[PDB]
Amino acid sequence: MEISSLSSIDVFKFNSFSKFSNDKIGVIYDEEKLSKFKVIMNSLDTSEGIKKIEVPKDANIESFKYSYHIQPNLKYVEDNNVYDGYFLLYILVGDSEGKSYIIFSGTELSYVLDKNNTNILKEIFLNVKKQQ
Amino acid sequence: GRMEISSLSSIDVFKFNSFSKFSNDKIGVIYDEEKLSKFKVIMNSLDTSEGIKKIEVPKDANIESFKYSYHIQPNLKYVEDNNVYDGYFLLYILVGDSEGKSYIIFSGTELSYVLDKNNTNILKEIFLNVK
């Protein structure tokens, strides 16, 4: 299963570490931001700058530049066929050490990302706005 | 991104013998997943990364300036309109000049890209010891 494309990322207020948020902030549609997030998502288990870790249970949102619950809406390839899918993620971008975290909602699967990846995440999540 | 490369099966490598005609002088083939996956990422990021820039085709590039110069045929699968298709590209590639830059030119077109030092380092890994 490989992500071929993202169509959007729905962005929600980070209001829980256990339940995916229904407090919607906005949506990311920009092709370049989506392409950069795809690359990160496809490199979680194969990059020197990303590491699988236990869920940081004592993390809090005030320690990070950006904290959101996000739903990347995507297409993936499996068995030479294309499928529509999504993920429900908690994302914590840019702590005091320049690290970031991605947690898969409803699981204990999580990753820590290095400064290089954090810089990319800061580009992706800059000025998330509601059309209002 | 209406067309997204999902995977590469190989890259055929040919001698860089022209700036106008794709070479049929075969040197070898790259099969390594680590290498192919890195090349895939570059090809999908040509228009969407800070380290790659669309440029006019270089008018006075010399193969002697580069660590590697090849004509390459990446063999691939891509997604378009919810289908997986077989495809390929015919590229001229110039890897690692004295400024650490690399170039990709699409054979038979005016489409070309310059790649930064980070990408050049990746290309050097991909094109090390072609057999």
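Any chance you could tell me what percent of the C-alpha pair distances in the protein assembly as shown go past 35 Å?
When every Cα pair of the protein assembly as shown is considered, 23 percent fall beyond 35 Å.
Helix B:117-126 against the longest principal axis of chain B: what's the angle in degrees, Cα atoms only, rounded to the nearest 10?
80
Rounded to the nearest 0.05, what FRET efficiency do A:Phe20 and B:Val29 have when you use their Cβ-Cβ distance and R0 = 41 Å?
Efficiency, from the Cβ-Cβ distance: 0.35.
Near the amide H of B:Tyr68, under 5 Å away, which other amide H atoms are found, from residues 5 or more places off or on another chain, if H is placed in the peptide plane?
Excluding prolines and chain starts, which carry no amide H, the hits are B:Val95.
Give me the inter-chain shielding for A:68-79: mean count of other chain Cβ atoms within 10 Å, whole number please.
Partner Cβ neighbours, averaged per residue: 1.
Quick check: pseudo-label points 7 Å beyond the Cα along Cα→Cβ at B:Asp81 and A:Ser63, how many nm apart are they?
Modelled inter-label distance: 5.0 nm.
Between the stretch B:73-124 and the stretch A:2-80, what is the separation of their alpha carbon centroids in Å?
What the calculation gives is 28 Å, centre to centre.
Report, as an integer, the average count of C-beta atoms from other chains found within 10 Å of each Cβ along A:124-131.
0
So what does the Cα-only Debye profile of chain B read at q = 0.14, 0.15, 0.16, 0.20 Å⁻¹, as log10 I(q)/I(0), no solvent term?
After summing over all Cα pairs, the log10 values are -0.58, -0.67, -0.78, -1.27.
Note that each Cβ is placed from the backbone with ideal geometry, even for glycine, and that neighbours are counted across all protein chains shown. Bear in mind that the values in this text are calculations on the coordinates, not laboratory data.
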